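**Student:** Quick note on numbering: the authors' numbering labels position 140 of the sequence shown as 140, and the sequence is numbered without any gaps.
All residues carry an ideal CB built from backbone N, CA and C; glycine is no exception.
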Amino acid sequence: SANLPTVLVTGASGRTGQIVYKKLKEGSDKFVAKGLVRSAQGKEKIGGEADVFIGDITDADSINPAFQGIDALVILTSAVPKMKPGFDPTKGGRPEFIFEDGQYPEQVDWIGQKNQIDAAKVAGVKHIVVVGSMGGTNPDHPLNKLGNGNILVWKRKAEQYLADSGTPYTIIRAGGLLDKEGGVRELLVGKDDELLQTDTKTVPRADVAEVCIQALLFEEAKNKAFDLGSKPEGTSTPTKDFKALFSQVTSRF
Ligand SMILES: NC(=O)c1ccc[n+]([C@@H]2O[C@H](COP(=O)([O-])OP(=O)(O)OC[C@@H]3O[C@@H](n4cnc5c(N)ncnc54)[C@H](OP(=O)(O)O)[C@@H]3O)[C@@H](O)[C@H]2O)c1
């Protein structure tokens, strides 16, 4: 093993996941990419290459092939609520969202993520990175009511399980995600939702993807949990010193 590390990214066809997948592919001088997606549809979307595997994270055996021989894992899966089809705006209410049965946050973000962490551990991974959301410090956060799923709570339960496991881990709680241009913004790291009290609380999906990558290259990023926000494009200078950035973080959770 003077070989480059094999990095598996799950949720590889998701919006943020497809960028990490693409970045790991471009970074051929640093990584060997691998990805896991939920559908053949998703596999073709990111390029149908042979390093992409199809499987459901809540079906334990089903994901084992993907995890074989991996050295690092980047978890980018998430439960996703869909608008329940009954809404009628013109006599004011507010849409209710739903999660397909067996696809709720408890099953996908907590148990599901537990599935992935447990398989990575069996396979001997060395570093696990997971992407989540800011807001977890407040159990009464409105997002937990979406689809009556408590999505932040189950995600944080999997973050604690990851931090507790002993495997080198980085937990990145992202602020509001943006389909905005990555690498063109000064990025900010916070602790325990403090950034929510600022105007720099959202972040380009491409910068969340690049932070996941860099976490893989610095000892500093290991055994760290931090929030991620940024400043708009055009106002300041885009982040470059990543060792410094991660050396700002001291929290293990
Ligand atoms: N949206 C925001 O503003 C925001 C803010 C802060 C944090 N975050 C979080 O940051 C992360 C990235 O966000 P994002 O919007 O870019 O994610 P997302 O794209 O929309 O999706 C993750 C996607 O996760 C996969 N997935 C769901 N259930 C699965 C299962 N049972 N097995 C395997 N894969 C499964 C989905 O598969 P399909 O492609 O088949 O659907 C999909 O690839 C998420 O954890 C999200 O909750 C989001």
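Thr170 and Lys222 look like a contact to me (Cβ under 8 angstroms); what is the Cβ gap, rounded to whole Å?
**Tutor:** The Cβ separation is near 7 angstroms, so the contact holds.
**Student:** Which residue marks the beginning of the beta strand (DSSP E) containing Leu228, and which one marks its end?
**Tutor:** Note, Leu228: beta strand (DSSP E), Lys224 to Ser230.
**Student:** The alpha helix (DSSP H) that contains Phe242, what's its start and end?
**Tutor:** Segment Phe242 to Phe246, the alpha helix (DSSP H) holding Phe242.
**Student:** Look at the Cβ atom of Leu228, then the Cβ atom of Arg156, and state whether they are nearer than 9 angstroms.
**Tutor:** It is not a contact, given that the beta carbons lie outside the stated cut-off.
**Student:** With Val20 as the anchor, note down where its alpha helix (DSSP H) starts and where it stops.
**Tutor:** Segment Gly17 to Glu26, the alpha helix (DSSP H) holding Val20.
**Student:** Three or more C-beta pairs closer than 8 angstroms, one from the stretch 181-201 and one from the stretch 144-153: is that the case here?
**Tutor:** In short, these stretches do not touch, since the Cβ pair count stays below three.
**Student:** For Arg173, which three-state DSSP category applies?
**Tutor:** Strand, per DSSP.
**Student:** When the Cα atoms are used, what is the spatial distance from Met83 to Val108?
**Tutor:** Distance between the alpha carbons of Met83 and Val108 is about 18 angstroms.
**Student:** Using C-beta distances below 7 angstroms, list every residue in its chain close to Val74, excluding the 5 sequence neighbours before and after it, in chain order.
**Tutor:** Same-chain partners within the cutoff: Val7, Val9, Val20, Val129 and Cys212.
**Student:** Any heavy atom of ligand 1 inside 8 angstroms of the beta-carbon of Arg252?
**Tutor:** False, no ligand heavy atom lies under 8 angstroms from that Cβ.
**Student:** State yes or no: is the C-beta of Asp56 within less than 9 angstroms of the C-beta of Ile63?
**Tutor:** Taking 9 angstroms as the Cβ cut-off, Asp56 and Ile63 qualify as a contacting pair.
**Student:** With the cut-off set at 9 angstroms, would you say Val189 and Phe218 are in Cβ contact?
**Tutor:** No, they are not a contact pair.
**Student:** Is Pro89 buried or exposed, if buried means 16 or more other CB atoms sit within 10 Å of its CB?
**Tutor:** Result: exposed.
**Student:** Going by the C-beta, is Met83 closer than 8 angstroms to any heavy atom of ligand 1?
**Tutor:** Checking the Cβ of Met83 against ligand 1 gives no.
**Student:** Is the CB-CB distance between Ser78 and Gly176 below 9 angstroms?
**Tutor:** Against a cut-off of 9 angstroms, the Cβ pair of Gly176 and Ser78 comes out as no contact.
**Student:** Go through the stretch 85-166 residue by residue and report every complete run of the beta strand (DSSP E) that reaches 3 residues or more, in order.
**Tutor:** Those beta strand (DSSP E) runs which fall completely within the stretch 85-166 and span 3+ residues are 127-133.
**Student:** Thinking just about the alpha-carbon of each residue, which of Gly92, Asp140 and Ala66 is nearest to the one in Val125?
**Tutor:** Taking only the C-alpha atoms, the option nearest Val125 is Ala66.
**Student:** Kindly list the residues whose CB is nearer than 6 angstroms to the CB of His127, restricted to its own chain and excluding five residues on each side of it in sequence; keep chain order.
**Tutor:** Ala72 and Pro168, listed in sequence order.
**Student:** Please confirm whether any heavy atom of ligand 1 lies closer than 8 angstroms to the CB of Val37.
**Tutor:** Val37: yes, Cβ under 8 angstroms from ligand 1.
**Student:** Are the CB atoms of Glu106 and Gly135 nearer to each other than 9 angstroms?
**Tutor:** No, Cβ-Cβ distance for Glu106 and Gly135 is not below 9 angstroms.
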